[PDB]
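> Quick one, query.tsv (TSV, C-alpha atoms and all ligand atoms):
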chain	number	residue	atom	x	y	z
N	1	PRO	CA	-16.33	17.23	41.61
N	2	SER	CA	-16.64	13.55	42.75
N	3	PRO	CA	-14.83	12.85	46.10
N	4	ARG	CA	-13.20	9.77	44.46
N	5	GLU	CA	-11.97	11.89	41.48
N	6	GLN	CA	-10.35	14.40	43.86
N	7	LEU	CA	-8.61	11.50	45.71
N	8	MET	CA	-7.39	10.00	42.37
N	9	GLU	CA	-6.06	13.41	41.30
N	10	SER	CA	-4.18	13.95	44.62
N	11	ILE	CA	-2.63	10.44	44.36
N	12	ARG	CA	-1.39	11.32	40.80
N	13	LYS	CA	0.06	14.61	42.14
N	14	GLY	CA	1.96	12.60	44.79
N	15	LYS	CA	3.29	14.01	48.07
N	16	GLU	CA	6.44	14.23	50.22
N	17	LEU	CA	6.57	11.89	53.22
N	18	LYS	CA	8.28	12.57	56.56
N	19	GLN	CA	11.76	10.96	56.75
N	20	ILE	CA	12.10	8.74	59.84
Z	1	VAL	CA	-4.02	13.00	64.86
Z	2	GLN	CA	-1.87	10.28	63.22
Z	3	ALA	CA	-3.45	7.51	61.16
Z	4	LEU	CA	-1.87	4.03	61.47
Z	5	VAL	CA	-0.87	1.94	58.48
Z	6	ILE	CA	-0.72	-1.83	58.83
Z	7	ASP	CA	0.43	-4.07	56.06
Z	8	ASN	CA	-0.17	-7.69	57.09
Z	9	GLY	CA	1.98	-9.71	54.71
Z	10	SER	CA	2.18	-13.49	54.37
Z	11	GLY	CA	5.68	-13.32	55.81
Z	12	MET	CA	6.28	-9.89	57.35
Z	13	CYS	CA	4.00	-7.38	59.01
Z	14	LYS	CA	4.94	-3.75	58.22
Z	15	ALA	CA	3.52	-1.05	60.49
Z	16	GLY	CA	3.81	2.63	61.10
Z	17	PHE	CA	2.38	6.13	60.87
Z	18	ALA	CA	0.65	7.67	57.84
Z	19	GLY	CA	2.74	10.58	56.48
Z	20	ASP	CA	6.02	8.73	57.21
Z	21	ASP	CA	8.29	7.49	54.40
Z	22	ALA	CA	8.85	4.04	55.99
Z	23	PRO	CA	7.25	1.65	58.54
Z	24	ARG	CA	8.46	1.97	62.16
Z	25	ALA	CA	8.21	-1.82	62.60
Z	26	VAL	CA	8.82	-4.86	60.35
Z	27	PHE	CA	8.35	-8.27	62.06
Z	28	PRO	CA	7.52	-11.90	60.96
Z	29	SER	CA	3.75	-12.68	60.66
Z	30	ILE	CA	4.02	-15.53	63.22
Z	31	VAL	CA	2.22	-16.29	66.51
Z	32	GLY	CA	3.82	-18.68	69.03
Z	33	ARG	CA	1.66	-20.73	71.42
Z	34	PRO	CA	3.22	-22.66	74.39
Z	35	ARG	CA	3.11	-26.45	73.88
Z	36	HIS	CA	2.94	-27.33	77.65
Z	37	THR	CA	0.23	-24.73	78.71
Z	38	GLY	CA	1.59	-24.13	82.25
Z	39	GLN	CA	5.66	-17.26	80.86
Z	40	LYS	CA	3.12	-15.59	78.49
Z	41	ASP	CA	-0.12	-16.79	76.77
Z	42	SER	CA	1.28	-16.09	73.25
Z	43	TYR	CA	4.33	-14.55	71.49
Z	44	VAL	CA	4.33	-12.56	68.22
Z	45	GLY	CA	7.08	-11.93	65.61
Z	46	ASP	CA	10.81	-11.93	66.55
Z	47	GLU	CA	10.06	-13.12	70.11
Z	48	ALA	CA	7.96	-16.09	68.80
Z	49	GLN	CA	10.90	-17.13	66.55
Z	50	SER	CA	13.49	-16.76	69.37
Z	51	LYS	CA	11.42	-19.22	71.51
Z	52	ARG	CA	10.51	-21.55	68.50
Z	53	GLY	CA	11.75	-24.62	70.43
Z	54	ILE	CA	9.04	-24.28	73.12
Z	55	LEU	CA	6.21	-22.82	71.07
Z	56	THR	CA	3.77	-24.07	68.44
Z	57	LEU	CA	4.55	-21.54	65.71
Z	58	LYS	CA	1.55	-20.28	63.71
Z	59	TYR	CA	1.58	-18.59	60.22
Z	60	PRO	CA	-2.04	-17.20	60.10
Z	61	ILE	CA	-1.55	-15.40	56.76
Z	62	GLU	CA	0.73	-18.07	55.11
Z	63	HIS	CA	-0.67	-17.39	51.55
Z	64	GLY	CA	-2.02	-13.81	51.96
Z	65	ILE	CA	-5.47	-14.87	53.25
Z	66	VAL	CA	-6.08	-15.09	57.05
Z	67	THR	CA	-6.79	-18.71	58.13
Z	68	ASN	CA	-6.98	-17.92	61.92
Z	69	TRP	CA	-8.63	-14.75	63.42
Z	70	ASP	CA	-7.42	-15.20	67.01
Z	71	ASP	CA	-3.81	-15.40	65.67
Z	72	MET	CA	-4.64	-12.30	63.59
Z	73	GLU	CA	-5.97	-10.35	66.73
Z	74	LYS	CA	-2.72	-11.30	68.57
Z	75	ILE	CA	-0.59	-9.93	65.69
Z	76	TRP	CA	-2.67	-6.69	65.71
Z	77	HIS	CA	-2.51	-6.41	69.55
Z	78	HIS	CA	1.33	-6.84	69.38
Z	79	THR	CA	1.53	-4.23	66.56
Z	80	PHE	CA	-0.35	-1.55	68.61
Z	81	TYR	CA	0.92	-2.22	72.11
Z	82	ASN	CA	4.45	-3.55	71.55
Z	83	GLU	CA	5.70	-2.30	68.18
Z	84	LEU	CA	4.11	1.15	67.69
Z	85	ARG	CA	3.38	1.85	71.39
Z	86	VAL	CA	-0.10	3.25	70.56
Z	87	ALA	CA	-3.62	2.83	71.91
Z	88	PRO	CA	-5.71	1.84	68.77
Z	89	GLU	CA	-8.80	3.76	70.16
Z	90	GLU	CA	-6.84	6.99	69.51
Z	91	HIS	CA	-6.09	6.50	65.83
Z	92	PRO	CA	-7.80	5.85	62.47
Z	93	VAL	CA	-6.35	2.46	61.30
Z	94	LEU	CA	-5.61	1.65	57.64
Z	95	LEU	CA	-5.29	-2.12	57.04
Z	96	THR	CA	-4.13	-3.85	53.91
Z	97	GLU	CA	-5.71	-7.02	52.44
Z	98	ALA	CA	-4.79	-9.49	49.75
Z	99	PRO	CA	-6.45	-9.16	46.28
Z	100	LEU	CA	-9.57	-11.42	45.97
Z	101	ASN	CA	-10.05	-11.42	49.75
Z	102	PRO	CA	-13.35	-13.28	50.68
Z	103	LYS	CA	-16.19	-10.87	51.65
Z	104	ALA	CA	-16.44	-12.59	55.10
Z	105	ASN	CA	-12.74	-11.84	55.83
Z	106	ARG	CA	-13.15	-8.10	55.05
Z	107	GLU	CA	-16.07	-8.13	57.56
Z	108	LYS	CA	-13.91	-9.86	60.28
Z	109	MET	CA	-11.12	-7.23	59.84
Z	110	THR	CA	-13.80	-4.48	60.22
Z	111	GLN	CA	-15.49	-6.17	63.25
Z	112	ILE	CA	-12.17	-6.89	65.08
Z	113	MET	CA	-10.99	-3.26	64.60
Z	114	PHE	CA	-14.22	-1.70	65.96
Z	115	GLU	CA	-15.15	-4.35	68.51
Z	116	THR	CA	-11.85	-5.68	69.85
Z	117	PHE	CA	-9.65	-2.58	69.32
Z	118	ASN	CA	-12.30	0.15	69.58
Z	119	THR	CA	-10.80	2.10	66.65
Z	120	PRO	CA	-12.48	5.52	66.07
Z	121	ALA	CA	-12.19	4.87	62.28
Z	122	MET	CA	-10.81	2.33	59.82
Z	123	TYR	CA	-10.31	1.44	56.15
Z	124	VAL	CA	-9.29	-1.74	54.21
Z	125	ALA	CA	-7.23	-1.27	51.03
Z	126	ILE	CA	-5.94	-3.93	48.52
Z	127	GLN	CA	-2.13	-4.25	48.80
Z	128	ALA	CA	-1.54	-4.10	45.00
Z	129	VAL	CA	-3.68	-0.96	44.65
Z	130	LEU	CA	-1.55	0.73	47.37
Z	131	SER	CA	1.64	-0.17	45.40
Z	132	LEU	CA	0.21	1.51	42.25
Z	133	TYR	CA	-0.62	4.67	44.40
Z	134	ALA	CA	3.03	4.69	45.75
Z	135	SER	CA	4.22	5.13	42.07
Z	136	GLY	CA	1.76	8.02	41.51
Z	137	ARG	CA	-0.64	6.02	39.27
Z	138	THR	CA	-4.40	5.26	39.48
Z	139	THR	CA	-4.58	2.96	36.36
Z	140	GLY	CA	-2.10	0.13	35.76
Z	141	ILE	CA	-1.25	-3.53	36.45
Z	142	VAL	CA	0.61	-4.70	39.50
Z	143	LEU	CA	2.79	-7.81	39.77
Z	144	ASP	CA	2.99	-8.24	43.57
Z	145	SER	CA	5.34	-10.99	44.71
Z	146	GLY	CA	5.84	-11.39	48.47
Z	147	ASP	CA	6.67	-14.33	50.70
Z	148	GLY	CA	3.88	-16.90	50.31
Z	149	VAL	CA	1.90	-15.50	47.34
Z	150	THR	CA	2.18	-13.67	43.97
Z	151	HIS	CA	-0.71	-11.72	42.40
Z	152	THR	CA	-1.18	-9.91	39.02
Z	153	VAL	CA	-3.72	-7.10	39.60
Z	154	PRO	CA	-5.15	-4.93	36.78
Z	155	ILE	CA	-6.40	-1.60	38.24
Z	156	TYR	CA	-8.63	0.99	36.58
Z	157	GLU	CA	-8.94	4.33	38.41
Z	158	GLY	CA	-8.32	2.85	41.85
Z	159	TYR	CA	-10.59	-0.16	41.27
Z	160	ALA	CA	-8.89	-3.58	41.18
Z	161	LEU	CA	-10.76	-5.54	38.43
Z	162	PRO	CA	-11.61	-8.83	40.27
Z	163	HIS	CA	-12.56	-10.96	37.20
Z	164	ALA	CA	-8.99	-10.16	35.88
Z	165	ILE	CA	-7.04	-10.88	39.15
Z	166	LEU	CA	-4.75	-13.93	39.08
Z	167	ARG	CA	-2.97	-15.63	41.96
Z	168	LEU	CA	0.13	-17.92	41.99
Z	169	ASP	CA	1.04	-19.79	45.23
Z	170	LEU	CA	4.74	-19.26	44.37
Z	171	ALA	CA	6.91	-16.53	45.89
Z	172	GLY	CA	9.98	-15.87	48.15
Z	173	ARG	CA	9.38	-18.81	50.53
Z	174	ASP	CA	9.47	-21.24	47.53
Z	175	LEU	CA	12.62	-19.62	46.07
Z	176	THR	CA	14.51	-19.88	49.44
Z	177	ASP	CA	13.34	-23.50	49.63
Z	178	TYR	CA	14.47	-24.20	46.06
Z	179	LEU	CA	17.88	-22.59	46.74
Z	180	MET	CA	18.46	-24.94	49.79
Z	181	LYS	CA	17.61	-27.93	47.51
Z	182	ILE	CA	19.98	-26.81	44.66
Z	183	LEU	CA	22.81	-25.86	47.13
Z	184	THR	CA	23.08	-29.60	48.13
Z	185	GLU	CA	24.96	-30.15	44.76
Z	186	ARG	CA	27.86	-28.16	46.32
Z	187	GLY	CA	27.86	-30.51	49.35
Z	188	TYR	CA	26.16	-27.76	51.39
Z	189	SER	CA	23.63	-29.01	53.92
Z	190	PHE	CA	21.10	-26.30	54.74
Z	191	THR	CA	18.24	-27.99	56.60
Z	192	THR	CA	17.59	-26.30	60.00
Z	193	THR	CA	15.28	-23.24	60.18
Z	194	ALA	CA	18.36	-21.11	61.19
Z	195	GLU	CA	20.14	-22.46	58.05
Z	196	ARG	CA	16.92	-21.65	56.05
Z	197	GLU	CA	17.48	-18.04	57.31
Z	198	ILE	CA	21.11	-18.03	55.99
Z	199	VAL	CA	19.93	-19.22	52.52
Z	200	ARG	CA	17.21	-16.50	52.49
Z	201	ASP	CA	20.09	-14.01	53.06
Z	202	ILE	CA	22.13	-15.53	50.15
Z	203	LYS	CA	19.00	-15.28	47.98
Z	204	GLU	CA	18.54	-11.58	48.96
Z	205	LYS	CA	22.22	-10.64	48.36
Z	206	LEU	CA	23.52	-12.79	45.47
Z	207	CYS	CA	20.50	-14.01	43.50
Z	208	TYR	CA	19.41	-12.36	40.20
Z	209	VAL	CA	17.19	-13.01	37.16
Z	210	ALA	CA	18.97	-14.01	33.89
Z	211	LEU	CA	17.93	-12.13	30.72
Z	212	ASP	CA	18.32	-15.40	28.79
Z	213	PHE	CA	18.44	-18.44	31.12
Z	214	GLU	CA	19.79	-20.87	28.43
Z	215	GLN	CA	22.65	-18.40	27.58
Z	216	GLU	CA	23.36	-17.67	31.29
Z	217	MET	CA	23.58	-21.46	32.04
Z	218	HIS	CA	26.18	-21.77	29.17
Z	219	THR	CA	28.23	-18.79	30.61
Z	220	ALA	CA	28.35	-20.37	34.16
Z	221	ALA	CA	29.29	-23.76	32.58
Z	222	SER	CA	31.97	-22.15	30.38
Z	223	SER	CA	33.54	-19.77	32.99
Z	224	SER	CA	33.83	-18.68	36.70
Z	225	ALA	CA	32.64	-15.07	35.99
Z	226	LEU	CA	29.30	-15.64	37.80
Z	227	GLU	CA	30.75	-17.39	40.93
Z	228	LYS	CA	30.27	-15.32	44.14
Z	229	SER	CA	31.59	-15.76	47.69
Z	230	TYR	CA	29.48	-15.70	50.84
Z	231	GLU	CA	30.67	-15.67	54.44
Z	232	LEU	CA	28.54	-17.76	56.84
Z	233	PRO	CA	27.93	-16.56	60.49
Z	234	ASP	CA	30.41	-19.21	61.88
Z	235	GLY	CA	33.16	-17.62	59.73
Z	236	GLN	CA	33.23	-20.30	56.96
Z	237	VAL	CA	33.16	-19.06	53.31
Z	238	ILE	CA	31.02	-20.74	50.55
Z	239	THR	CA	30.77	-20.26	46.73
Z	240	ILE	CA	27.52	-19.96	44.67
Z	241	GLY	CA	27.40	-20.20	40.84
Z	242	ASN	CA	24.42	-20.91	38.55
Z	243	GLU	CA	22.19	-21.22	41.67
Z	244	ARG	CA	22.24	-17.36	41.65
Z	245	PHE	CA	19.89	-17.23	38.65
Z	246	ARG	CA	18.38	-20.82	38.78
Z	247	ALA	CA	16.40	-20.10	41.99
Z	248	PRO	CA	14.69	-16.88	40.60
Z	249	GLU	CA	14.18	-18.69	37.24
Z	250	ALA	CA	11.43	-20.70	39.04
Z	251	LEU	CA	9.25	-17.47	38.87
Z	252	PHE	CA	9.29	-17.80	35.06
Z	253	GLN	CA	9.48	-21.63	35.05
Z	254	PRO	CA	7.34	-23.04	37.92
Z	255	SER	CA	8.16	-26.64	36.67
Z	256	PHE	CA	11.56	-26.22	38.44
Z	257	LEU	CA	9.45	-26.38	41.70
Z	258	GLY	CA	7.32	-29.21	40.25
Z	259	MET	CA	4.37	-26.81	39.62
Z	260	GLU	CA	2.06	-26.83	36.57
Z	261	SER	CA	1.46	-23.02	36.91
Z	262	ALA	CA	2.22	-20.50	34.14
Z	263	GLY	CA	5.23	-18.23	35.01
Z	264	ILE	CA	4.97	-14.65	36.30
Z	265	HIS	CA	5.23	-13.22	32.75
Z	266	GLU	CA	2.35	-15.36	31.31
Z	267	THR	CA	0.22	-14.67	34.42
Z	268	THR	CA	0.64	-10.86	33.85
Z	269	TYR	CA	-0.37	-11.42	30.17
Z	270	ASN	CA	-3.39	-13.61	31.17
Z	271	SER	CA	-4.57	-10.77	33.53
Z	272	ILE	CA	-4.24	-8.12	30.76
Z	273	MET	CA	-6.23	-10.43	28.43
Z	274	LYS	CA	-9.12	-10.70	30.94
Z	275	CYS	CA	-9.54	-6.87	30.65
Z	276	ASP	CA	-11.31	-4.81	28.02
Z	277	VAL	CA	-9.16	-4.19	24.93
Z	278	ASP	CA	-9.58	-0.33	25.45
Z	279	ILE	CA	-7.47	-0.24	28.64
Z	280	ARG	CA	-4.72	-2.79	27.62
Z	281	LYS	CA	-2.47	-0.03	26.29
Z	282	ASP	CA	-2.78	1.53	29.84
Z	283	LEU	CA	-1.95	-1.83	31.47
Z	284	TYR	CA	1.11	-2.70	29.29
Z	285	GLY	CA	2.35	0.92	29.66
Z	286	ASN	CA	2.06	0.78	33.48
Z	287	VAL	CA	3.44	-2.60	34.72
Z	288	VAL	CA	4.30	-2.00	38.38
Z	289	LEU	CA	6.56	-4.45	40.23
Z	290	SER	CA	5.86	-4.78	43.94
Z	291	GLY	CA	7.05	-6.83	46.92
Z	292	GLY	CA	10.31	-8.36	48.13
Z	293	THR	CA	10.40	-11.15	45.56
Z	294	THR	CA	10.43	-8.57	42.65
Z	295	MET	CA	13.65	-7.08	44.17
Z	296	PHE	CA	15.88	-9.37	42.07
Z	297	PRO	CA	18.42	-7.56	39.84
Z	298	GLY	CA	17.50	-8.27	36.17
Z	299	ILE	CA	13.75	-8.98	36.86
Z	300	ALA	CA	12.47	-5.78	35.14
Z	301	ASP	CA	14.44	-6.41	31.89
Z	302	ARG	CA	13.36	-10.08	31.90
Z	303	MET	CA	9.68	-9.03	32.34
Z	304	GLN	CA	10.13	-6.44	29.51
Z	305	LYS	CA	11.59	-9.16	27.18
Z	306	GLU	CA	8.97	-11.81	28.15
Z	307	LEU	CA	6.00	-9.40	27.89
Z	308	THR	CA	7.30	-8.07	24.50
Z	309	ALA	CA	7.23	-11.67	23.12
Z	310	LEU	CA	3.52	-12.08	24.12
Z	311	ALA	CA	2.17	-8.51	23.45
Z	312	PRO	CA	0.87	-7.09	20.09
Z	313	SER	CA	3.92	-5.91	18.06
Z	314	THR	CA	2.64	-2.29	18.06
Z	315	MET	CA	2.27	-2.19	21.92
Z	316	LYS	CA	4.47	0.06	24.11
Z	317	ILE	CA	5.37	-1.94	27.30
Z	318	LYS	CA	6.72	-0.10	30.36
Z	319	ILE	CA	8.03	-1.88	33.53
Z	320	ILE	CA	8.10	0.25	36.73
Z	321	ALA	CA	10.27	-1.33	39.44
Z	322	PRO	CA	10.88	1.38	42.14
Z	323	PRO	CA	14.01	0.67	44.32
Z	324	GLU	CA	11.76	0.82	47.42
Z	325	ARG	CA	9.26	-1.80	46.00
Z	326	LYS	CA	9.85	-4.07	49.06
Z	327	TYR	CA	7.78	-1.43	51.10
Z	328	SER	CA	5.62	0.13	48.31
Z	329	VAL	CA	2.35	-1.45	49.70
Z	330	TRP	CA	3.12	0.23	53.04
Z	331	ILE	CA	4.26	3.55	51.35
Z	332	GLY	CA	1.02	3.68	49.29
Z	333	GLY	CA	-0.96	3.22	52.54
Z	334	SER	CA	1.04	6.00	54.23
Z	335	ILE	CA	0.25	8.29	51.23
Z	336	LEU	CA	-3.41	7.24	51.12
Z	337	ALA	CA	-4.22	7.65	54.85
Z	338	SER	CA	-2.34	11.05	55.13
Z	339	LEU	CA	-4.11	12.61	52.11
Z	340	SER	CA	-6.66	15.41	52.83
Z	341	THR	CA	-8.94	14.02	50.12
Z	342	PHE	CA	-8.99	10.60	51.84
Z	343	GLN	CA	-10.27	11.92	55.23
Z	344	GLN	CA	-14.00	11.46	54.23
Z	345	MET	CA	-13.34	7.86	53.01
Z	346	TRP	CA	-12.68	6.37	56.53
Z	347	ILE	CA	-15.36	4.15	58.06
Z	348	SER	CA	-16.20	5.81	61.37
Z	349	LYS	CA	-17.38	3.91	64.51
Z	350	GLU	CA	-20.71	5.85	64.30
Z	351	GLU	CA	-21.26	4.41	60.73
Z	352	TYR	CA	-20.22	0.92	61.90
Z	353	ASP	CA	-22.50	0.95	65.00
Z	354	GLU	CA	-25.43	1.77	62.66
Z	355	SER	CA	-24.59	-0.78	59.86
Z	356	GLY	CA	-22.42	-3.58	61.28
Z	357	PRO	CA	-19.37	-5.11	59.47
Z	358	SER	CA	-21.20	-5.24	56.05
Z	359	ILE	CA	-20.38	-1.46	55.76
Z	360	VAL	CA	-16.82	-2.36	54.48
Z	361	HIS	CA	-18.38	-3.60	51.17
Z	362	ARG	CA	-20.13	-0.24	50.42
Z	363	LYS	CA	-17.10	1.80	51.69
Z	364	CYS	CA	-13.88	-0.12	50.84
V	1	LIG	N1	16.48	-7.96	47.90
V	1	LIG	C1	15.70	-9.04	47.81
V	1	LIG	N2	15.84	-9.86	46.74
V	1	LIG	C2	15.05	-10.94	46.64
V	1	LIG	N3	14.10	-11.36	47.48
V	1	LIG	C3	13.99	-10.53	48.54
V	1	LIG	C4	14.72	-9.38	48.77
V	1	LIG	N4	14.33	-8.77	49.95
V	1	LIG	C5	13.39	-9.56	50.40
V	1	LIG	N5	13.13	-10.65	49.60
V	1	LIG	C6	12.17	-11.72	49.86
V	1	LIG	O1	10.88	-11.16	49.81
V	1	LIG	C7	10.00	-11.86	50.70
V	1	LIG	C8	9.30	-10.87	51.58
V	1	LIG	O2	8.71	-9.88	50.71
V	1	LIG	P1	7.39	-9.16	51.17
V	1	LIG	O3	6.82	-8.37	50.05
V	1	LIG	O4	7.70	-8.26	52.37
V	1	LIG	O5	6.36	-10.29	51.63
V	1	LIG	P2	4.91	-10.44	52.30
V	1	LIG	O6	4.14	-9.20	52.17
V	1	LIG	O7	4.20	-11.60	51.57
V	1	LIG	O8	5.11	-10.75	53.79
V	1	LIG	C9	10.86	-12.89	51.43
V	1	LIG	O9	10.65	-14.19	50.89
V	1	LIG	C10	12.28	-12.35	51.24
V	1	LIG	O10	13.31	-13.33	51.31
V	2	CA	CA	2.65	-8.15	50.91
V	3	CA	CA	5.85	-24.26	34.41
Using the file provided, produce a representation of the structure as structure tokens.
Ligand SMILES: Nc1ncnc2c1ncn2[C@@H]1O[C@H](COP(=O)(O)OP(=O)(O)O)[C@@H](O)[C@H]1O
Ligand SMILES: [Ca+2]
Ligand SMILES: [Ca+2]

Amino acid sequence: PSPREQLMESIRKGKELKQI
Amino acid sequence: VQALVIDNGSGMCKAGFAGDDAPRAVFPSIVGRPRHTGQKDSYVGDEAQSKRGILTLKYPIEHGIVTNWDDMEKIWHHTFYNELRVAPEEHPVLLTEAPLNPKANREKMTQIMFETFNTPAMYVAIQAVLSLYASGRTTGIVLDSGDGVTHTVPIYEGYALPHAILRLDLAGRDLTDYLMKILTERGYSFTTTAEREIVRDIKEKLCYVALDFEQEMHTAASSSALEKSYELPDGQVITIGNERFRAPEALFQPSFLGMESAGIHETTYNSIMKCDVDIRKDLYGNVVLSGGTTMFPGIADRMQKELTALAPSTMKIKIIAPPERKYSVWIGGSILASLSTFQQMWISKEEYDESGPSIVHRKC
């Protein structure tokens, strides 16, 4: 679909970030 | 291939690597210029402050908007070369900007990155929008209170609605200042910049927001339950009472600072009211607190109570105050720049060389 819609969807999914 | 994330705040610059949970560097947004001109050409952050007595100290982002680009280039140069120990020509750079940033300023950020720092790619994101992304939302309203500025930002699917953005020139700096003024009643004399730093620490450790100010004032007048001790660097111990909730009360009652502004609660409501009725349910149900000044214990409940008094009776209000909200702008940037789906969003040098700085408008 739209590149912006895929971005929005991945932001809603969330992600783990590397602990520093 | 690490992207860099730079959050240029009115008070503190936060910098690090995309994919990381926290910035590698946090330093004051100050540039120091020698008064005598006779040894380094400029100093940035902690070093500028440690030599304050021989430098002309500059605050180029005092209220969230850059007022001096040379000072800004110096902050960026210090971020890359001294703080992160990176060559900016080797990394995509994600920069943050204040909401309602003038179109000319977005162009200067873009030009400086490609022309002065030779970045292979860059992107400019609104701070408040990054805070919403940090909480896993794409629609919502952000109350971002930092050091020199507070903004209320309604967001619909990643787009900050500019007609609905409101700004208050009231934040942490004003609260610290107010606290020094009110602490004189206890015979305390905080005047020097080093003493201003002690008071900022008292604010950050012992201040809170009262659920009902009038009631809280009665409690402190009737008992000693709210009195707290604080040990100064010298070793001397001081007591703080109603000043604990009187200083943050200025966010809700700007008249305490001698300001005619509406409080943070009414500003949030005014922003919601500037938006289409169809998305208001989504705004009230997603109120995201961001920035150091929203860190106060009790602030979320106070916002819930205040907003409930202004909102339609049938409206479900939800306040989201993550415990890491002091760095949520940075965290959102780290998430954004390390996402696979974001990789095609970057403004490349090739695109910039073809279009000039104006490309930021079409891309960011
Ligand atoms: N725990 C805390 N409680 C209250 N205020 C805080 C706390 N931590 C930081 N602050 C205040 O927040 C401000 C810095 O917040 P920040 O969002 O980083 O600002 P900016 O982006 O404008 O530089 C300062 O005025 C600081 O004293
Ligand atoms: Ca900020
Ligand atoms: Ca007022």
> Step by step, measure atom-to-atom distances between ligand CA 2 (chain V) and each residue using all atoms listed in the file, keep those at most 8 Å, then write them as a VMD selection string.
chain Z and resid 7 to 12 64 98 127 144 to 147 291 329
> As an exercise, work out the distance from CA of residue 341 in chain Z to CA of residue 96 in chain Z in Å and give it to one decimal place.
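We find that CA of residue 341 in chain Z and CA of residue 96 in chain Z lie 18.9 Å from each other.
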> Return as a PyMOL selection string the residues belonging to chain Z that are within 10 Å of chain N, counting only C-alpha atoms.
chain Z and resi 17-24+132-139+157-158+331-332+334-336+338-345
> Using only C-alpha atoms for the distances, tell me which of Z:2, Z:77, Z:312, Z:194 is nearest to residue 52 in chain Z.
Z:194
> Would you work out the distance separating CA of residue 298 in chain Z from CA of residue 232 in chain Z, expressed in Å to one decimal?
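Atom-to-atom, CA of residue 298 in chain Z and CA of residue 232 in chain Z are spaced 25.3 Å apart.
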> Please identify all protein, DNA and RNA residues within 9 Å of ligand CA 3 (chain V), counting all atoms listed in the file, and report them as a PyMOL selection string.
chain Z and resi 250-263
> Check every protein, DNA and RNA residue against ligand LIG 1 (chain V), keep those with an atom at most 9 Å away (counting only C-alpha atoms and all ligand atoms), and present them as an mmCIF file with C-alpha atoms, in the coordinates of the input.

data_model
loop_
_atom_site.group_PDB
_atom_site.id
_atom_site.type_symbol
_atom_site.label_atom_id
_atom_site.label_comp_id
_atom_site.auth_asym_id
_atom_site.auth_seq_id
_atom_site.Cartn_x
_atom_site.Cartn_y
_atom_site.Cartn_z
ATOM 1 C CA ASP Z 7 0.430 -4.070 56.060
ATOM 2 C CA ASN Z 8 -0.170 -7.690 57.090
ATOM 3 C CA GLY Z 9 1.980 -9.710 54.710
ATOM 4 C CA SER Z 10 2.180 -13.490 54.370
ATOM 5 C CA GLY Z 11 5.680 -13.320 55.810
ATOM 6 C CA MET Z 12 6.280 -9.890 57.350
ATOM 7 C CA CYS Z 13 4.000 -7.380 59.010
ATOM 8 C CA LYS Z 14 4.940 -3.750 58.220
ATOM 9 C CA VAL Z 26 8.820 -4.860 60.350
ATOM 10 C CA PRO Z 28 7.520 -11.900 60.960
ATOM 11 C CA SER Z 29 3.750 -12.680 60.660
ATOM 12 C CA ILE Z 61 -1.550 -15.400 56.760
ATOM 13 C CA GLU Z 62 0.730 -18.070 55.110
ATOM 14 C CA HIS Z 63 -0.670 -17.390 51.550
ATOM 15 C CA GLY Z 64 -2.020 -13.810 51.960
ATOM 16 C CA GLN Z 127 -2.130 -4.250 48.800
ATOM 17 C CA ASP Z 144 2.990 -8.240 43.570
ATOM 18 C CA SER Z 145 5.340 -10.990 44.710
ATOM 19 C CA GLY Z 146 5.840 -11.390 48.470
ATOM 20 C CA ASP Z 147 6.670 -14.330 50.700
ATOM 21 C CA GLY Z 148 3.880 -16.900 50.310
ATOM 22 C CA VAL Z 149 1.900 -15.500 47.340
ATOM 23 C CA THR Z 150 2.180 -13.670 43.970
ATOM 24 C CA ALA Z 171 6.910 -16.530 45.890
ATOM 25 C CA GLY Z 172 9.980 -15.870 48.150
ATOM 26 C CA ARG Z 173 9.380 -18.810 50.530
ATOM 27 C CA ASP Z 174 9.470 -21.240 47.530
ATOM 28 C CA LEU Z 175 12.620 -19.620 46.070
ATOM 29 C CA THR Z 176 14.510 -19.880 49.440
ATOM 30 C CA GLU Z 197 17.480 -18.040 57.310
ATOM 31 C CA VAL Z 199 19.930 -19.220 52.520
ATOM 32 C CA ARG Z 200 17.210 -16.500 52.490
ATOM 33 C CA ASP Z 201 20.090 -14.010 53.060
ATOM 34 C CA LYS Z 203 19.000 -15.280 47.980
ATOM 35 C CA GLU Z 204 18.540 -11.580 48.960
ATOM 36 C CA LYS Z 205 22.220 -10.640 48.360
ATOM 37 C CA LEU Z 206 23.520 -12.790 45.470
ATOM 38 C CA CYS Z 207 20.500 -14.010 43.500
ATOM 39 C CA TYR Z 208 19.410 -12.360 40.200
ATOM 40 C CA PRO Z 248 14.690 -16.880 40.600
ATOM 41 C CA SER Z 290 5.860 -4.780 43.940
ATOM 42 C CA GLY Z 291 7.050 -6.830 46.920
ATOM 43 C CA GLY Z 292 10.310 -8.360 48.130
ATOM 44 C CA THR Z 293 10.400 -11.150 45.560
ATOM 45 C CA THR Z 294 10.430 -8.570 42.650
ATOM 46 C CA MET Z 295 13.650 -7.080 44.170
ATOM 47 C CA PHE Z 296 15.880 -9.370 42.070
ATOM 48 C CA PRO Z 297 18.420 -7.560 39.840
ATOM 49 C CA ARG Z 325 9.260 -1.800 46.000
ATOM 50 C CA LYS Z 326 9.850 -4.070 49.060
ATOM 51 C CA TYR Z 327 7.780 -1.430 51.100
ATOM 52 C CA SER Z 328 5.620 0.130 48.310
ATOM 53 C CA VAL Z 329 2.350 -1.450 49.700
#
> Select all residues near (6.7, -19.1, 74.4) (cut-off 9 Å, inclusive, file coordinates), counting all atoms listed in the file, and output them as a PyMOL selection string.
chain Z and resi 32-35+39-43+47-48+50-56
> Using CA of residue 125 in chain Z and CA of residue 352 in chain Z as the two end points, give the distance in Å to one decimal.
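Separation of CA of residue 125 in chain Z and CA of residue 352 in chain Z: 17.1 Å.
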